[PDB]
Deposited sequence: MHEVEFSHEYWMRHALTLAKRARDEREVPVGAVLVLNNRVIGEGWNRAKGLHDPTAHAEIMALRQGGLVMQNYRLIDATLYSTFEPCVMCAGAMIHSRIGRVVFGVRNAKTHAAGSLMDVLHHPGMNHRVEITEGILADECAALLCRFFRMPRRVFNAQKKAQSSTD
């Protein structure tokens, strides 16, 4: 019936990214959307959980699998405040999601577009709320806005 904008979901991901920031983790937030509903939320928790896979995007994808009772999450859209790493990019491929939408650019997702392990095609949208996403990462890494 209705669809929220990209910016609406990115703003929720930005809220989640601050949860990681407050816990002294790389401040990335992610939200997985199917039929205009949240089926997954994530923020970075690798350090506190002792889990090298606990990135924001992975946590949202795992929550989606639990919501759908299906390791395949067809036609879902994953929002991430930061360009996903190679581990998370492969997880989306195996998840068979429809679209990834990320804020600021960064291995990373762009480096692995035509990698031989890409049986499925995921659509890419970038730049949504780029300024807000970059502000979190620059404040966490003490870098200028140029980076």
No C-alpha coordinates anywhere in a stretch? Then put that deposited-sequence range on the list, in order along the chain. 1-2, 109-114, 156-167
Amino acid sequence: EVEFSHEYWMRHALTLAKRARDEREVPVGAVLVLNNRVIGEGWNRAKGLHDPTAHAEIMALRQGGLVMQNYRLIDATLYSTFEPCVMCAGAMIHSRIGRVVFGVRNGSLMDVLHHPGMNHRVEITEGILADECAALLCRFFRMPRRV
From here on, numbers count along this sequence of modelled residues.
Pick between 135-143 and 13-21: the one whose mean CA B-factor in the entry is higher. 135-143
May I ask you to compare 110-118 and 44-52 by their mean CA B factor in the entry and name the higher one? 110-118
Among the modelled residues of this chain, does the Cα B factor of residue 105 put it in the lowest, middle or highest third? highest
